[PDB]
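Here is the structure we will look at, set down as C-alpha cells.
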Amino acid sequence: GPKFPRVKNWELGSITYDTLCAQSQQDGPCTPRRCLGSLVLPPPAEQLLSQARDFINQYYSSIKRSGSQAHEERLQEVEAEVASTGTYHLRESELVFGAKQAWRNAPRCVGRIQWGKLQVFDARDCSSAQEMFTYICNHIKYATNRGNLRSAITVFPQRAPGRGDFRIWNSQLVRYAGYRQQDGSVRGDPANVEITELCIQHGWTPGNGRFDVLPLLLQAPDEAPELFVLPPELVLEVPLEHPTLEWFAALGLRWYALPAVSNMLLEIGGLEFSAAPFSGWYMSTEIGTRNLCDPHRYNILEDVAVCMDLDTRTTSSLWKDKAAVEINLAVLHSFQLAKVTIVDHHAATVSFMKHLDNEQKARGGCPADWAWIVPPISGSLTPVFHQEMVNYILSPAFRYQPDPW
Amino acid sequence: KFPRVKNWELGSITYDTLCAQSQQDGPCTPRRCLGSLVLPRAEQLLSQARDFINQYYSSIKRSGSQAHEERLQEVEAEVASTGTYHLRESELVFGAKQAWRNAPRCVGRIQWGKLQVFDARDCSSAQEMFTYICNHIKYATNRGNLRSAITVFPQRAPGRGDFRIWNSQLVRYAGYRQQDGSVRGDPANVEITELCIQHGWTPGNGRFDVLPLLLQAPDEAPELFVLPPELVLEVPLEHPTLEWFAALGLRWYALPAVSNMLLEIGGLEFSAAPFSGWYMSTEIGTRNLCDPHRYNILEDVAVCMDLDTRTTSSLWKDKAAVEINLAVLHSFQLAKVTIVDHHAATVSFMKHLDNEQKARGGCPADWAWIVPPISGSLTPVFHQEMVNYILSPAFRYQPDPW
Ligand code: HEM
Ligand code: HEM
Ligand SMILES: Cc1cc(N)nc(C[C@H]2CNC[C@H]2NCCNCc2ccc(Cl)cc2)c1
Ligand SMILES: Cc1cc(N)nc(C[C@H]2CNC[C@H]2NCCNCc2ccc(Cl)cc2)c1
Ligand SMILES: C[C@H](O)[C@H](O)[C@H]1CNc2nc(N)[nH]c(=O)c2N1
Ligand SMILES: C[C@H](O)[C@H](O)[C@H]1CNc2nc(N)[nH]c(=O)c2N1
Ligand SMILES: [Zn+2]
C-alpha cells in the first residue's frame, strides 16, 4: 500500500500512515541493523542558510502565504543577513511560531494537546546575569499564577559567533538539593548532587533538609556564573497527604508546583537558543512514581509499604505496586486540595490520543517516543500503550546540550 | 560503531558488540524508529547453514575438528544436489535453544538452557501431529510443575504445503460474537473460534471454553481435534482477602504454548514448532483480563471494590488492576502451578543480561516488551537501556494459513 510507515492501534484495530516523517531532515540513532530507541541520549553559512530557508518556508506556510512576495522578500533578507554577518535574526512572530513548533515536535512530551497555547516571553534583549534572573522570576510568577498554571517559555539571546553562550546551569528552575552524606548516602534528591556541590563551590550556604530549593547559577556571555536565590514566596510547593491514610502527611513529603526545564537548547532555523527555559504543569506520575519511587531518587517505596504494613519480604505480595499506587494518589489528592494544576496519567494519555488524531489530520502524523509516552505505572491501562508510534526528529526542536561546566 | 548501553539506576555502562553479528534487518532506519510496531511491514541457504553449523561446533568446543569439517561437507553436498539439507537431532536441539536465547521480546530467557526438545520431524499426518501435541502438553504441564518444551514438526519444503497449527496457542478460550455485536469469551479469538465451527466444531456458550485444535498436514484441509479435558490444567481465580472475587467465576489455563510462529535454524524453516514455558503473572492479570479489547474486567472488579469509577484521578483502574494481578499469583500459588511475578521475572532478566554480556558481548532485547504492563519503573529493566536486533536461529511471525 502507501510507501510510508503503517501505524496500528491494537485496541481499536485502526490504521494510519505517517507521511510527516518525510519532512525529517535529521537522523536518529537507529539503523536497519539495530534499534537504539530505548537510549536516553542520542557555523557553515552553507548549512545554516538551508535550515533558515526551511524554517522561513515553514513560517510562511503556517500563515498561508507560501510563494508570496513577503515570503520571497523574507528569504532574500535572511540570506543577505547571513551573507554579511554569518547569522541572522528572527522576527517576533517567527520566534513565537518556532517555539510552539518545537514543543509540537517534541517526541517525548505527552502534553502536546496544549502546544498551541504557550505564552512566549521574548527576552532577546537580556544582557546580564542579573537581568536573566529578573526574566526568570517573572516567568515563574506568570507560569505559577497561584496554582492555575500556564505554559510558558522565556527566550534569551541566541548563540552568537565569537561570544560566550547565555546559560542556566540548573536542569530545572526549581529543584531540591542533594547533599552527599558521611556514610555515602544522600539527603534530599540524589539526582542533584553535582549541581548542589557546584552551588556550594560558588558561594551558596547549603541547608540540610530533604527538600531545600536550590539557587540558580546563571551565566551571561563570557562571564562566570552568578548565584541567585529564589524568593520563597515565588516557589509554590504542595505538601503531600493521602485522602484516607492519615499517617501519610506525617511523612513530611512535598513537591513544587512548577516543572520548568532550563538546560535544553531551542533550535529554530539553524539558530540556537542555549538559554530558553520552558514550563507547563505536571503529570502526576512524574512526581509520584519517578521522583519519589525511583531507586536512585527519593526511593520511598519501602518506607510507605512498611507504613501500610505490607509484606516487603516477597515480591509476590506486590507491595511495590500497592505502595506506588497510594503514593501517586496522594500526589493527585494533594495538588487538587491545594488547587494546583496537575493531570493524572489516564487523562493525560487520553488527551494525547486526541492530539495524535488532530495531528494525523493537520500534518499526516506525529513523532512520538513510545517508551517515554507510556506512563511508568499502569502502562497497558492507558490507551497509548496500544498505539504504535513513529519516532523521528523535526525542527524547530528542543535538544539536549552538554553541561556548561 | 558499537552502541554504548547505560543502566540509569546503577550508573553502569556496557558496549554491545554482539549486534555486529546480526545478518537480518529490523524495521528502523536513521530517518525514523519503528521499534514500537508489533509486526514487520542456494548460495544464501548454504551460507546460513555454514554459519549455523559453525555456531554448533563452537558450542561443543570442537570447532575446526574433523567432525566439524565433515559435517560442513555433508551440508554442502546435500544442498548442491537437492537444494536443501537436514539437521541432525543434536543440532536441532542446540538450534531451538539458541532461537529462544535470541528472542528479543522474551523476559524469561534466563531459562534458555533448560528446554526439552521433542523431535517430531517424522510426522506425516494431522493425526500424528495431535498425538505429539498431547504428549507435549502432558510433559510440559507435569501436574503444575511446568517444564519448558518445544515440539518440532517437519521443515518447510519446496513445492509442498506447510505443516501448520492454525491456533496461535495450544490452549485458548473461545470468543463468540453475540447478536448485539458484543463478544462472549475471549475477543482475541473470534476469528479462530469461527473457523473451528465452520470446520465442524460444536461450539459452547461459556466464557472460558477451551478451543479445539485445527491441525494441518501439507496440502490438506485442516482437521479438528478436541483436547482431552484432563490434559488442560486450569486455575480458578480467587483473591487472598476479597471473598467476592471468586464469585466472578474467572479462571485461566496454566500452559502458555505458542503454536503459530516459525522456527528458523540454519536457513531451514519449521512452520510448526509449538513451544511453551510458564506464565509471568501480568500476561494474565493485566493484559488478558484487563485489556480493553480482551476480557476487559477492570470496571467490574472496580465496582465490586466499590471504587469511584467516576473519575480517572481516583486511580480506580490502577487499584483494581493490582488486585487482579494479586488474585492470579495467589490462585496459581494455591493450585501449585508454576508462575512468576513481574518483579521476580525482571530481576532474573537483569541477571540474564549480565550473563550474556560476559558470554556473548550483548543481548538483543526489545525494551517495550521486556518492561511489564503495570508498575513499569518499579522494575529494574525500566532503567536499563537495551539494543534490539535480529540474530539467527530465530523465532519469527508468519502469515495465518487461511
Ligand atoms: C502543559 C503541560 C505539560 C505536560 C503535562 C507535559 C508532560 C510531559 C511529560 C510527562 C514528559 C516526559 C518527562 C520525563 O519523563 O522526564 C514531558 C517531556 C517534554 N516536554 Fe512536556 N509537558 C507539558 C508542557 C510542555 C511545554 C510547555 C513544553 C515546551 C514548550 C514541553 C516540552 C517537553 C520536552 C522538550 C520534553 C522532553 C524533554 C526531555 O527529553 O527531557 N512540555 N512533558
Ligand atoms: C519459562 C518461562 C517463560 C516465561 C516466564 C517467558 C515470558 C515471556 C513473556 C512475558 C513474553 C512477552 C509475552 C507477550 O507479552 O506476548 C514472552 C515472549 C516470547 N517468549 Fe518467552 N518466556 C518463557 C519461556 C519461553 C520458551 C520456552 C520459549 C521458546 C522455546 C519462549 C519464546 C518466546 C518468544 C519467541 C517470545 C516472543 C513471541 C512474540 O513476539 O509474540 N519463551 N515470553
Ligand atoms: C515543561 C515540562 C512539563 C512536565 N510536566 N514535565 C517536564 C519534564 C521535566 C519534569 N519532570 C522530569 C523533567 N524532565 C527530565 C528528563 N531528563 C532526561 C535526561 C536527559 C539527559 C540526562 Cl544526562 C539525564 C536525563 C517538562
Ligand atoms: C512460551 C511463552 C511463555 C510465556 N510466559 N508467554 C508467552 C507469550 C504468549 C502467552 N501470552 C501472550 C502470548 N504471546 C503472543 C504475542 N502476540 C503478539 C501478536 C503477534 C501478531 C498478531 Cl497479528 C497479534 C499479536 C510465550
Ligand atoms: C532506559 C530507559 O530509556 C529510560 O529509563 C527511559 C524510559 N522511559 C521514560 N519515559 C519518561 N517519560 N521519562 C523517562 O525518564 C524515561 N526513562
Ligand atoms: C503498540 C505496542 O507495541 C504494543 O501494544 C506492545 C507494547 N509492549 C508489549 N509488551 C509485551 N510483553 N507484550 C505485548 O503484547 C506488548 N504490546
Ligand atoms: Zn528504532
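Naming scheme: A, B, ... for chains in displayed order of the C-alpha cells; residues 1 onward per chain; ligands 1 onward as shown.
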Next item on the list: Identify all chain A residues at most 7 Å from chain B by counting only C-alpha atoms; ligands do not count. Present them as JSON, numbers by chain.
Entry: {"A": [11, 24, 26, 27, 28, 29, 30, 31, 32, 33, 34, 35, 36, 37, 38, 39, 295, 296, 315, 316, 318, 320, 321, 325, 329, 332, 344, 346, 347, 370, 371, 376, 377, 378, 379, 380, 388, 389, 390, 391, 392]}
Next item on the list: For ligand 3, list the contacting residues at 7 Å or closer, counting only C-alpha atoms and all ligand atoms, as a list in words.
Entry: residues 40, 41, 259, 260, 261, 278, 279, 280, 281, 282, 283, 286 and 400 of chain A
Residues just named, written with C-alpha atoms as an mmCIF file, in the first residue's frame:
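Here's the written file result.cif:
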```
data_model
loop_
_atom_site.group_PDB
_atom_site.id
_atom_site.type_symbol
_atom_site.label_atom_id
_atom_site.label_comp_id
_atom_site.auth_asym_id
_atom_site.auth_seq_id
_atom_site.Cartn_x
_atom_site.Cartn_y
_atom_site.Cartn_z
ATOM 1 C CA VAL A 40 18.008 8.185 26.755
ATOM 2 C CA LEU A 41 20.731 10.161 24.961
ATOM 3 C CA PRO A 259 8.031 21.786 36.188
ATOM 4 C CA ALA A 260 10.407 24.152 34.363
ATOM 5 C CA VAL A 261 13.158 22.697 32.181
ATOM 6 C CA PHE A 278 10.052 26.383 29.372
ATOM 7 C CA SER A 279 7.374 25.134 31.769
ATOM 8 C CA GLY A 280 3.917 23.611 31.920
ATOM 9 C CA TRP A 281 2.250 21.575 34.663
ATOM 10 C CA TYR A 282 2.972 18.098 36.000
ATOM 11 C CA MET A 283 1.576 14.737 35.042
ATOM 12 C CA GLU A 286 6.480 12.265 37.228
ATOM 13 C CA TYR A 400 19.919 18.305 24.933
#
```
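Looking only at range 126-253 of chain A, the set that DSSP places in alpha helix (DSSP H) from backbone geometry is residues 129, 130, 131, 132, 133, 134, 135, 136, 137, 138, 139, 140, 141, 142, 143, 144, 193, 194, 195, 196, 197, 198, 199, 200 and 201 of chain A.
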Determine, for each residue of chain B having at least one atom at most 9 Å from an atom of ligand 2, the closest pair of atoms and their separation in Å to one decimal, counting only C-alpha atoms and all ligand atoms; order by chain and ascending number, as a tab-separated table.
```
residue	atom	partner	partner_atom_place_in_ligand_line	distance
B:38	CA	ligand 2	40 (O)	7.7
B:39	CA	ligand 2	40 (O)	8.4
B:96	CA	ligand 2	30 (C)	6.6
B:97	CA	ligand 2	30 (C)	6.4
B:98	CA	ligand 2	30 (C)	8.7
B:99	CA	ligand 2	30 (C)	7.1
B:100	CA	ligand 2	29 (C)	4.6
B:101	CA	ligand 2	29 (C)	8.1
B:102	CA	ligand 2	35 (C)	8.3
B:103	CA	ligand 2	35 (C)	5.1
B:104	CA	ligand 2	37 (C)	7.2
B:105	CA	ligand 2	37 (C)	4.8
B:106	CA	ligand 2	17 (C)	3.9
B:107	CA	ligand 2	7 (C)	5.0
B:108	CA	ligand 2	6 (C)	3.9
B:109	CA	ligand 2	22 (N)	6.5
B:110	CA	ligand 2	1 (C)	8.4
B:111	CA	ligand 2	1 (C)	5.9
B:112	CA	ligand 2	27 (C)	7.0
B:114	CA	ligand 2	27 (C)	8.2
B:115	CA	ligand 2	27 (C)	6.4
B:116	CA	ligand 2	27 (C)	8.7
B:117	CA	ligand 2	30 (C)	8.8
B:146	CA	ligand 2	1 (C)	8.3
B:147	CA	ligand 2	1 (C)	7.3
B:148	CA	ligand 2	27 (C)	4.7
B:149	CA	ligand 2	27 (C)	5.7
B:150	CA	ligand 2	30 (C)	5.9
B:256	CA	ligand 2	23 (C)	8.5
B:257	CA	ligand 2	26 (C)	8.5
B:258	CA	ligand 2	38 (C)	7.7
B:261	CA	ligand 2	35 (C)	7.8
B:263	CA	ligand 2	35 (C)	8.9
B:274	CA	ligand 2	30 (C)	8.3
B:275	CA	ligand 2	30 (C)	5.2
B:276	CA	ligand 2	27 (C)	4.9
B:277	CA	ligand 2	1 (C)	3.8
B:278	CA	ligand 2	2 (C)	4.4
B:279	CA	ligand 2	5 (C)	5.0
B:280	CA	ligand 2	5 (C)	4.8
B:281	CA	ligand 2	10 (C)	8.4
B:282	CA	ligand 2	10 (C)	7.7
B:283	CA	ligand 2	15 (O)	6.2
B:287	CA	ligand 2	15 (O)	7.9
B:339	CA	ligand 2	5 (C)	7.4
B:340	CA	ligand 2	5 (C)	6.3
B:341	CA	ligand 2	5 (C)	8.7
B:342	CA	ligand 2	10 (C)	8.4
B:345	CA	ligand 2	5 (C)	6.7
B:369	CA	ligand 2	12 (C)	6.0
B:370	CA	ligand 2	12 (C)	6.9
B:372	CA	ligand 2	10 (C)	7.7
B:373	CA	ligand 2	15 (O)	8.6
B:394	CA	ligand 2	35 (C)	7.7
B:395	CA	ligand 2	35 (C)	5.2
B:396	CA	ligand 2	35 (C)	7.1
B:397	CA	ligand 2	40 (O)	7.6
```
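Compared by their closest atoms to ligand 1, and using only C-alpha atoms and all ligand atoms, the residues A:123, A:356, A:56, A:96 rank with A:96 nearest.
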Check: Any idea what's packed within 9 Å of residue 143 in chain B, counting only C-alpha atoms, ignoring anything in its chain fewer than 4 positions away? Could you give it as number ranges by chain?
Finding: B: 138-139, 233, 336-337
Item checked: Expected selection as a ChimeraX atom specification for ligand 1 within 9 Å, only C-alpha atoms and all ligand atoms -> /A:40-41,99-115,117-120,149-153,259-261,264,266,277-286,290,342-345,348,372-376,397-400
Next item on the list: Please report, as an MDAnalysis selection string, each residue of range 92-167 of chain A to which DSSP assigns strand (DSSP E or B) when run on this structure's backbone.
Entry: chainID A and resid 119:122 152:155 167
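For the residues B:214, B:93, B:152, B:324, ranking by smallest atom-to-atom distance to residue 120 in chain B using only C-alpha atoms places B:152 first.
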Item checked: Residues near residue 173 in chain B, cut-off 6 Å, only C-alpha atoms, skip fewer than 2 positions along chain, as a PyMOL selection string -> chain B and resi 186+208-211
Note to self: Applying 6 Å and only C-alpha atoms, which residues near residue 265 in chain B remain after dropping the ones on its own chain fewer than 2 positions away? List them as a list in words.
What the structure shows: residues 95, 267, 268 and 393 of chain B
Might you pull out every residue within 10 Å of residue 400 in chain B, with only C-alpha atoms counted and same-chain residues fewer than 3 positions away left off, and present them as a PDB file with N, CA, C and O atoms, in the first residue's frame?
```
ATOM      1  N   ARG B 164       1.111 -27.011   9.616  1.00  0.00           N
ATOM      2  CA  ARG B 164       0.761 -25.813  10.374  1.00  0.00           C
ATOM      3  C   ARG B 164      -0.252 -26.114  11.458  1.00  0.00           C
ATOM      4  O   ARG B 164      -1.080 -27.024  11.324  1.00  0.00           O
ATOM      5  N   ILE B 165      -0.172 -25.355  12.543  1.00  0.00           N
ATOM      6  CA  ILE B 165      -1.148 -25.463  13.614  1.00  0.00           C
ATOM      7  C   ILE B 165      -1.835 -24.114  13.440  1.00  0.00           C
ATOM      8  O   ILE B 165      -1.183 -23.070  13.527  1.00  0.00           O
ATOM      9  N   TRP B 166      -3.134 -24.136  13.158  1.00  0.00           N
ATOM     10  CA  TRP B 166      -3.882 -22.912  12.928  1.00  0.00           C
ATOM     11  C   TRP B 166      -4.064 -22.042  14.162  1.00  0.00           C
ATOM     12  O   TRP B 166      -4.091 -20.818  14.065  1.00  0.00           O
ATOM     13  N   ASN B 167      -4.171 -22.672  15.319  1.00  0.00           N
ATOM     14  CA  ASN B 167      -4.331 -21.929  16.557  1.00  0.00           C
ATOM     15  C   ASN B 167      -3.043 -21.148  16.873  1.00  0.00           C
ATOM     16  O   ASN B 167      -1.936 -21.586  16.521  1.00  0.00           O
ATOM     17  N   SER B 168      -3.173 -19.999  17.533  1.00  0.00           N
ATOM     18  CA  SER B 168      -1.985 -19.219  17.884  1.00  0.00           C
ATOM     19  C   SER B 168      -1.347 -19.774  19.159  1.00  0.00           C
ATOM     20  O   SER B 168      -0.158 -19.581  19.405  1.00  0.00           O
ATOM     21  N   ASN B 260       1.899 -20.746  16.507  1.00  0.00           N
ATOM     22  CA  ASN B 260       1.843 -20.228  15.129  1.00  0.00           C
ATOM     23  C   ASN B 260       3.103 -19.506  14.665  1.00  0.00           C
ATOM     24  O   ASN B 260       3.071 -18.774  13.667  1.00  0.00           O
ATOM     25  N   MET B 261       4.191 -19.646  15.405  1.00  0.00           N
ATOM     26  CA  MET B 261       5.412 -18.978  14.976  1.00  0.00           C
ATOM     27  C   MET B 261       6.314 -19.944  14.222  1.00  0.00           C
ATOM     28  O   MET B 261       6.232 -21.166  14.392  1.00  0.00           O
ATOM     29  N   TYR B 397       7.358 -14.386  13.086  1.00  0.00           N
ATOM     30  CA  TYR B 397       5.950 -14.489  12.752  1.00  0.00           C
ATOM     31  C   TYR B 397       5.791 -14.954  11.305  1.00  0.00           C
ATOM     32  O   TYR B 397       6.689 -14.797  10.493  1.00  0.00           O
TER      33      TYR B 397
END
```
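Considering only C-alpha atoms and all ligand atoms, the residue among A:299, A:9, A:314, A:61 positioned nearest to ligand 6 is A:9.
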Notebook entry, point to check: Contacts of residue 300 in chain B at 10 Å or less, counting only C-alpha atoms, minus same-chain residues fewer than 5 places along, as a PyMOL selection string?
Noted result: chain B and resi 248+305-306+320
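With distances taken over only C-alpha atoms and all ligand atoms, A:369 is the one residue among A:212, A:81, A:272, A:369 lying closest to ligand 5.
You will find CA of residue 319 in chain A at 19.9 Å from CA of residue 253 in chain A.
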